[PDB]
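For the numbers below, each heavy atom of this structure counts, side chains included, while hydrogens, waters and symmetry mates do not. Note that the numbering runs from 1 along the sequence shown for the chain. Start at 1 and go down the list; that is how both ligands and their atoms are numbered.
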Amino acid sequence: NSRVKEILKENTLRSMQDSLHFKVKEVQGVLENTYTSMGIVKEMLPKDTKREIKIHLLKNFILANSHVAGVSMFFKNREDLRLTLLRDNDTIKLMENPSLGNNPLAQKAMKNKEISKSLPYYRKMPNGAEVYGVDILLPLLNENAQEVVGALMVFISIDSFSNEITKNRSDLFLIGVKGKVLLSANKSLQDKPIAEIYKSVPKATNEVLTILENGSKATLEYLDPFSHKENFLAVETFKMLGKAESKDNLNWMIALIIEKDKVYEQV
Ligand SMILES: c1ccc2[nH]ccc2c1
């Protein structure tokens, strides 16, 4: 019967890894589609178009990408195109943002000619609510691809991944840089490191942090500090910026849990 539990455990752990991999593929595909959409905006924005055409392109970009909460454009040679667009409930609000290029991070993207990424942060939206997310920056180029003429900044809403992570389920965690919880069913965990939340189980947490750094995947067990019951745990990393080459392209991670007692209670 000890061998019964062992074969139950193996079966459960494998199915968790299968379920988690499909979930990672779902989240990656959301990101990849947004990146593809950004790539098309990046090409179209520097062409000779009306200012209103550019604005409406950025609005439609937001409308077509449910996980984007805002977008900005900056042009070196044009003060009239230093604009930020943010979701404003049913509409999209336009705002002037003249210092948009005068920060060290925007300059980084434009000097490097490469995709750049911020760390997760809370952005104040037009209605005064805060949205947790990350900025992705791409340099805007001239048609001859040798001169950078500006920058596109895309605010990806981490909170909008509730659709994949917390909608009608509470067994998933989205984890980011150095073990920060980006999204989980328990809202109070957001922006806190797993090293703090799960300090009661340092062996399991250090193992998760090592997998996060090394870009791997694994299963393990741990005593959950909220339920006080042992859980099965599967984790899997993926490159947050995808195949795109950049020093800012680090691993995100999705974690899936199952309470051990519930597996064994079924037998
Ligand atoms: C360490 C231990 C348990 C955990 N559950 C989710 C992340 C995580 C890290």
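No hydrogens or angles considered: a donor-acceptor pair under 3.5 Å links the side chains of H67 and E164.
Alongside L119, the hydrophobic cluster contains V177 (criterion: ILVMFWY side chains under 4.5 Å).
By the side chain to side chain contact (heavy atoms under 4.5 Å, CB included) test, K54 pairs with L45, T49, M73, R78, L81, sequence neighbours left out.
Remark: ligand 1 atoms within the under-4.0 Å shell around heavy atoms of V208 are 1 (C), 9 (C).
Here the heavy atom of the protein found nearest to atom 7 (C) of ligand 1 is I175 CD1, 3.7 Å. Nearest to atom 1 (C) of ligand 1 among the protein's heavy atoms is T205 OG1, 3.4 Å.
A salt bridge between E143 and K47 is absent, with no side-chain N of the basic residue lying under 4.0 Å from a carboxylate O of the acidic one.
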